[PDB]
Each structure stands twice: as C-alpha cells, then as structure tokens.
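Taking it in order: structure first as structure tokens, then the write-up.
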Amino acid sequence: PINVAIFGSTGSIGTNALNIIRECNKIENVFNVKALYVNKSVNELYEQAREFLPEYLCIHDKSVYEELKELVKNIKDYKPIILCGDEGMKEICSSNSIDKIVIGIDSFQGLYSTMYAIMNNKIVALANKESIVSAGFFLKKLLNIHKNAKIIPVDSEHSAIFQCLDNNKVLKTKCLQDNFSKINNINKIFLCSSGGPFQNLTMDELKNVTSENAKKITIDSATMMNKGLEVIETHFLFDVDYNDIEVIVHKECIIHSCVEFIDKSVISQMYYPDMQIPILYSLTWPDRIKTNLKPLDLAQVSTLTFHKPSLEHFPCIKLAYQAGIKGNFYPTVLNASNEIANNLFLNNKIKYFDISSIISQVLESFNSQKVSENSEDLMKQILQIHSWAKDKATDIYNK
Amino acid sequence: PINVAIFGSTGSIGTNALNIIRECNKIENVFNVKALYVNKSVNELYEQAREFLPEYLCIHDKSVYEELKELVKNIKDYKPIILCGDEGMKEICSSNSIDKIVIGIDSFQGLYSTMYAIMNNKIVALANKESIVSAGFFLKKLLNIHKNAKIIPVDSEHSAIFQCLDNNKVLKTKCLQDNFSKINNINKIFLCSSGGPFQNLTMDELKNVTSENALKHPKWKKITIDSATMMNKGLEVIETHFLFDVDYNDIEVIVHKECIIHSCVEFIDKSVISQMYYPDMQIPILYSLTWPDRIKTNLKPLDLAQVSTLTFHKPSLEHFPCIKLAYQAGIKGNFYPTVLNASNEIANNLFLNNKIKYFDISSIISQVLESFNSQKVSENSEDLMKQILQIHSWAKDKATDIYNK
Ligand SMILES: NC(=O)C1=CN([C@@H]2O[C@H](COP(=O)(O)OP(=O)(O)OC[C@H]3O[C@@H](n4cnc5c(N)ncnc54)[C@H](OP(=O)(O)O)[C@@H]3O)[C@@H](O)[C@H]2O)C=CC1
Ligand SMILES: NC(=O)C1=CN([C@@H]2O[C@H](COP(=O)(O)OP(=O)(O)OC[C@H]3O[C@@H](n4cnc5c(N)ncnc54)[C@H](OP(=O)(O)O)[C@@H]3O)[C@@H](O)[C@H]2O)C=CC1
Ligand SMILES: [Mn+2]
Ligand SMILES: [Mn+2]
C-alpha cells in the first residue's frame, strides 16, 4: 500500500485528496491513510477519522486537543496516536510508515510543514503556494541535502506540466533541481489560465470595476495575480527561465497547461476542471492507477480557445514576472502587498488599478536581503518581510 | 552519432527526413546518412548522394544502374557501394554500420524491406501502411524472435500517440508487443482526423456527391478520395491496434479539422495527454530517429494564441461507412485488412472517374470482404509476400466484378 499523510485534510485540497483516495480504494486497496492534520476543525477531522481510521491524528490548536482525544473514543476498534501542534506535525513527518505527505495547508504553516517533510526525506505532494513563492531557493537547498525527498506539484497547471514530461528523464533529476529543464529537454511552458471574470472588460471599464463584479481567491483570479504566482512557482519547480514561461488564456479549462520541448513538439494534459486527477498523480507518480472518473468527451466539449492576456489590463502579471526576475524575497513582498491590496479592493476602498499600483510601489521600495541559511531563521526572516510588506502597502494606502 | 538509412529517399517522407537531418546537423552533427535507396529516381538520388555522401546507394530498378554509376563518377573522391534490387536492399539491412532505417517506400516493397530490417535487428522508423495492414501478425512474430529490432511509427497520428507515452514505460516493452497497452496504462486512444472534404455534408448531399467535389476542396487524387471516405483513417485504426496493442473497443476516431492536436491517449486514471504542432512531418520523423531522446531544432514554435480555436466532433459511421468496414476487417483479422485495402484501391478509382456513387464505394468493399475466404498464413517472409500479392490481386479483380454488377 501507498502510505499517505494529509496535511490540511478538511480544506479544499485535503477533501479532494480523500475523495480520490476513497474512489481508488473501492477499485483496489492502493492507499493507507496513515495521518490527518488540521488547525481547528475538530468535528470535521473527527468525521474523517471515523471513515479513514488513520494511525495518527494531529491538531495544531492545543485548545481543541483534549476535545479531540475523547471524541475519538466514540469510534470503535480505533486507538490512534493523537498529537498536537508543531511537535506533532514533526512526529508525523518522522514516521517510517509514511511515504507521501499531501500539503494542503494555506499560509506559512504550509511552508513550515513542507520543510520538515523534506528534512525527513518524504515525497511531498505540494499545493501550498507560499512554500515556493517565499522559500523556493531554500527548498532547493533542502532537496539538495535530502536526496530521497521530492516535491511533486499538485496545482492543476503544474501537475499538467509535470504529467507532460517523460518520467525516464524526470527520474534522473527531480523538481526544483538545477538543470531540470535541460535534463527534460524543455524549451518553454504554456501556463494555461481560465482568465477570470474580467477578460472581456475594456481599460475604461476596468478603471471603474468593483469587488461585486468579480473571496480572497476570486479577486486573485480577477487580477490574474494567481497566475503571476504560478509563473514564479513554474520557474522554481521546473528550472525554466521567466522569458520561457508564457501565460495563455484558455477559458474552457480543458487543457491544463502545455510543454514545448527543444524539438518544438508540444505535449499537453487535458481533463475536465477537477482537482482529483492532479492530486492522485502526485500520489501515484511515477505510475498511474485505475479511477472511476467520467472520461473526457472531446467531441462533446466541441471548442477549445486560446488568447494572450493583455498586460495593460492585467498588470499584476507584469509585476509577478518583475518580482520573479528580481529574485530574493521580492516574490514574498509581491504576495504580501497583494494580500493587503486584495482586501482594500474587496472593501471598496481602492479601485482595480490601485491594486497593481500599491503592489508596484512596495516592490520598488524593497532592497534584497542576505538569505538565512537555516529553517528557523528563514521562517522568522520571511514573516518579518511579509509583515513589513503588509505594513508598507497599508502605509501607501493611508497616504 | 545516429547512423541512418533512408529507404525511399526521393519521396515525401524521404525528403522530409533528409531535410530535418540536414537542419539538425547544422546545430550539432548528430546524424550520419549511411545508405539511400530508391526505385528509379537516379537524378534526384545523385543530388542527394552529392550532399550526404552515403556509404551505400541502392536502386531497385537494376536497369538504371549504369546511369547512376556514371553520374556518381562526377563526385570527387567519392566511391560508394552501389547496389541493385532486393539483393541490395538486404545487403544494406545487414550492414552493421546502420542502426536506424526510415522506411518511406510506398506499397509492398515497403513491407518486404521492413521484414528484412527487423530480421537484421534494426530500429525501423515506419511510414509504410501496407506493412502493418497486410502483415501485422507476422511482424509481431518477427519482433519476438529479433529482440533488438523495433518499429517506431512515423505517421503523424501514430507518432503523436507514441510521444504521449511515458518512456519509462515504453522502455519496459516495445511497439507491437502483447501487453504494450497494459504496461503503458493506456485506456483509450483518440485517433485524430482532418475529417476529409466531405465532413460537413448532409446525408442527402452524400448520396449525391461526385469526385469533383472532393478534388475541388482547397484544403486537400487517390489520397484525396481516401481522405473523403475516411478510409485512410480506417487503415490507421488497424495500424493503431497493432502498434499499441489497443483493442478495437478502445480506439475512437475524432474529427479535428485544424490539424494541430495530432492525437491523444486517455490513461487508466482518465487523464488525457495529447501532442500538438503544425501539420509538419518533420517532428514525427525526427522523433523516430532520436527516441527515447529529443534534440534541438529550429522549427517554427507553435503559436497557440494565433491558432486561437481548436475543434472536435464525432464522425457519423452512417456518413462514413468505410470506417465501420475497417473495424470489422481488423476485428476479423487474417488477411481481411489486405482485402479491405485492395478492394478500396479499385472502388476509389471507380469513384474518381465518376463510375459509381459515393455510397457504392463501401458497398463494393463490403462485398469483396464477404466473398473472401480466410487463408492459411505463411510461416516465412518469402511465402507470405507471394501470398499477400496474390490476395491483393484477387481482391482488386473481385472489386472490378462487383462494379460491373
Ligand atoms: N483549493 C485548490 O483547488 C488549490 C489551492 N492551492 C493552495 O493550497 C493551499 C491550501 O488550499 P485549500 O485547501 O484551498 O485551503 P483551505 O482553506 O480550503 O484549507 C486549508 C487547510 O489547512 C489547514 N490549516 C490551516 N492552518 C493550519 C495549521 N496551522 N496547521 C495545520 N493545518 C492548518 C486547515 O485546517 P482547518 O479546517 O482546521 O482550518 C484546512 O484543513 C493554499 O496555499 C492554496 O494557495 C493551490 C492549488 C489549488
Ligand atoms: N507522404 C506522407 O506525408 C506520408 C506517407 N506515409 C506512407 O509512406 C509510404 C510512402 O510515403 P511517400 O513518401 O508519401 O510516398 P512517395 O511516392 O512520395 O515516395 C515513395 C518512395 O519510395 C520509392 N520506391 C518506390 N518503389 C520502390 C522500390 N521498389 N524499392 C525502393 N524504393 C522504392 C520511390 O522511389 P522513386 O523516386 O525512384 O520512385 C520514392 O522514393 C506510403 O506507404 C504511405 O502510406 C505515411 C504517413 C505520411
Ligand atoms: Mn492553479
Ligand atoms: Mn496519417
């Protein structure tokens, strides 16, 4: 059996992961769910524990900890190891009987978890964006030291790229390693985007749009900042130059991304918009297994369309390329300032273009810092810059 | 270096192969063209020999040998081995300085050459349709005996399927092996088709169409009609079945008029992988020679935003019965696909010169198939070739008879 831990099991990624594991396990017993970990959602964790009966349970908040140990007594024939906090997260990461860890934790605990999974030589099915956006350079260092550790991407677009690769080549290297694109003969990447709800809008129309027309995630789809962050993630994951990453708007969301190889042949991965396939592939790689999913009916789909995004209309994309090319903690600053700008737009306090304007001014003010060479100092360093960047964005608004 | 022979070097496949080879060599000297083989195109062969300077030259038609020999004399410091006919073909196949052979010969000499390449443990970059359509079963047997021989498909759709596969799995097996599709986790194949010039016509227009309508179409003589009826795609279904050990149950023809997605593979998890490029035979040929690797080219990059729209529809088996007939013929096996192809050759020509109706094409083919009696399969290459030509000739005659009917 493949022994899997699910970090952030009650969220969107965690829930889809459990959905697809359940489905596959009905066909043949392929997965053992060995561990589940959440922040505060004790009752939802409880119901998952009842179905999946994992050897380990962990909850980040100590207040609901004992509130979890006695709930579990209601489950018959079930005597799990119940753990709490960072210390419990680390105990799960250390377990010899766990092979793969799905990281579906939002924010910086996602990054912290990713670091300890790698340090324990695990396969990490990564969904968390902060991990690579903020510590791409340091994850590369950890992966260099921890030879058997791997990051396998779970986001639909990144999984698509990963699936288009030849595993004969992938097995010679791994994600986030220097020379990855050379070993895999990659020339460029087409990063597909739904385009969000603003694609048809004019500049003058955009000048006056409000949040009602388009919570956090939806606004990032509207501005296409989400795609900008994915560009940065692509660069790290696959060692592809920024100049060789092209964002493409494919509104039907059937083609999930494409890889052009050095001979100019293009390979792409297709399915209905569903997060189950990418998650399953992260857990089965380098193999595939049977599912019961509805087969793609291309004739039924009928029409697939592609256009270039206008950078004037979506300058958040421009800023993400700028921040990636600049490197250092500029992507951390990009993400933090976006968080503030996002919220201000949601509360009708700024206009659409003020979002990119604020982000642009925070980036302009940042200076490159020397990178911390250990996990704990880096976490502090990243949270410091994140906070600074959030503070600066707020300052610019108030001024 | 990759040491290559080009069989049928003066035809479309052969000249595409030399073109991509030349272009790739400019970037990095990767290929050595060791042998060139044609039927009778002596001037064109001489022109190629001047540039590529292969160790071997072969002409099938022994009668133009002196003409070739005298032309070759013009090339300073060049003394190739100049050979003739089957003896020459077999000699090239057995040469140890040739690792890969592009087979771009049309009709049955393509099959004969394919057998001998396999018998000599070569990598065969195969474009010729007759090979698999007429001797798929037998090629399978040869590939089991000659362990280091491989077929790698060169036609655009078959190459696309092949490129969609995970080479970590492909390396565990090879094309035409039993269990190829199980080892590669293949669930279903989307075999893409341009759709032919008749794709948009109603049932009523199809009862009425004539060959001029097909020939008039801007996007596309024999080849054009086979595209119109979709019999070309029917043959490619039979090829697909053998190349990838995919059961007929699991091959779906889909019409994609833009010709950008070249085919797709649905895997057992339902994830779908497709290969995409401009219609250009250079990529499929190159891949057959560089597999399992890829090398740099200077080909025009695919501009997806410029292409803008990609479309798909299901072809109606009522509108294109030739597809239905190809499946039945493949399912039956034996020499039925030889019969399908041969009877089609006549019915095609009949429709071309306005002698029969569109729907008569399939009617004739179906009838020759019904008439055919399963034959005992020859156990060696020579007897089998004789057998195949005999059955081919029979089926052509039978088709002429049902025309008269
Ligand atoms: N949703 C999607 O389809 C995709 C999401 N992403 C990325 O994946 C990450 C998470 O996505 P998503 O699942 O949507 O987010 P959700 O908010 O839906 O889920 C977050 C999960 O993480 C848990 N969590 C939060 N903090 C902690 C912590 N301190 N310790 C342990 N667990 C914690 C939550 O637990 P609790 O229930 O207790 O709050 C919850 O289970 C994000 O970084 C996002 O950008 C990327 C690609 C696709
Ligand atoms: N053209 C294409 O885009 C594709 C073609 N194919 C397949 O490839 C095969 C041929 O392709 P294509 O290049 O188009 O055909 P062509 O007519 O363009 O080329 C045929 C070549 O074969 C040579 N030839 C014919 N008979 C013999 C023989 N007895 N011995 C040695 N050489 C011979 C010809 O030489 P000479 O010049 O002297 O007559 C010529 O070089 C066909 O079976 C077809 O199904 C498959 C996919 C795509
Ligand atoms: Mn995404
Ligand atoms: Mn074809």
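Just so you know, the sequences run in chain order A and B. Numbering (the entry's author numbering) for the first sequence: 77 to 290, 300 to 484. Numbering (the entry's author numbering) for the second sequence: 77 to 296, 300 to 484. No residue lacks a Cβ here, since even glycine has one placed at the ideal position from N, Cα and C.
- Within chain B, the residues placing a beta-carbon under 7 Å from that of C240/A are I352, ordered along the chain.
- Exposed is the label assigned to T388/B, since fewer than 16 other Cβ atoms lie within 10 Å of its Cβ.
- Around the Cβ of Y415/B, a 10 Å sphere holds 16 or more other Cβ atoms; the residue is buried.
- In this structure, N244/A lies near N243/B, with their beta-carbon atoms less than 7 Å apart.
- Rounded to the nearest angstrom, the gap between the Cα atoms of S460/B and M191/B is 7 Å.
- Chain B has no Cβ within less than 7 Å of the Cβ of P358/A.
- Taken atom to atom, the span from the alpha-carbon of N224/A to that of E104/B is near 35 Å.
- Taking all protein chains in view, the Cβ of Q454/A is surrounded by fewer than 16 other Cβ atoms within 10 Å, so the residue is classified as exposed.
- Using a Cβ-Cβ distance cut-off of 8 Å, the segment 361 to 374 of chain A and the segment 327 to 342 of chain B are not in contact, since fewer than three pairs of beta carbons, one from each stretch, lie closer than that value.
- Residue pairing from DSSP places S269/B in a beta bridge opposite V334/B.
- Looking at the DSSP output, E345/B shares a beta bridge with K264/B, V351/B.
- Using a Cβ-Cβ cut-off of 9 Å, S387/B is close to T390, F391, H392 of chain A, given in chain order.
- Identification of chain B residues near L378/A by a Cβ-Cβ cut-off of 8 Å yields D348, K349, ordered along the chain.
- Take the alpha-carbon of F238/A and the one of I228/A: they are about 8 Å apart.
- Pairing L463/A with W370/A, the inter-Cα distance amounts to about 30 Å.
- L247/A is classed as exposed because its beta carbon has fewer than 16 other beta carbons within 10 Å across all chains shown.
- For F256/A, same chain residues with a beta-carbon under 6 Å away, outside a window of 5 residues either side, are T249, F323, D324 in chain order.
- For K477/A, the uninterrupted alpha helix (DSSP H) run begins and ends at 460 to 483, by DSSP.
- Taking 8 Å as the upper bound for CB-CB distance, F266/B and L383/A are in contact here, some 6 Å apart.
- Residue side-chain check: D231/B places its Cβ nearer than 6 Å to a non-hydrogen atom of ligand 4.
- Every beta strand (DSSP E) of 3 residues or more that sits fully in the segment 164 to 242 of chain B is shown, in chain order, as 176 to 179, 199 to 202, 226 to 229.
- Between the segment 132 to 141 of chain A and the segment 109 to 116 of chain A, the count of Cβ pairs shorter than 8 Å is three or higher; the stretches touch.
- DSSP places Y113/A in the strand class (E or B) of the three-state scheme.
- Here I97/A has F107 as same chain residues with Cβ atoms under 6 Å from its own Cβ, once five neighbours each way along the sequence are excluded.
- Here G412/A is exposed: its Cβ has fewer than 16 other Cβ atoms, across all protein chains shown, within 10 Å.
- A distance of 7 Å or more separates the beta carbons of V200/B and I174/B.
- Between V316/B and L381/A, the C-beta spacing is not below 7 Å.
- Counting along the chain, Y122/A sits inside the alpha helix (DSSP H) bounded by residues 118 to 128.
- Judged by DSSP secondary structure, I374/B falls outside any beta strand (DSSP E); it is assigned neither H nor E.
- In the three-state DSSP reduction, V80/B falls in the strand class (E or B).
- Taking 3 residues as the shortest admissible run, the segment 363 to 435 of chain B contains the following complete beta strand (DSSP E) segments, listed from N- to C-terminal end: 388 to 390.
- For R373/B, the nearest beta carbon of chain A is closer than 7 Å to its own beta carbon.
- A distance criterion of 6 Å places the beta-carbon of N115/B in contact range of ligand 2, judged by its closest non-hydrogen atom.
- Taking 7 Å as the CB threshold, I103/B stays off the interface with chain A.
- The C-alpha of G164/A lies about 10 Å from the C-alpha of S170/A.
- DSSP places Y141/B in the uninterrupted alpha helix (DSSP H) bounded by 141 to 148.
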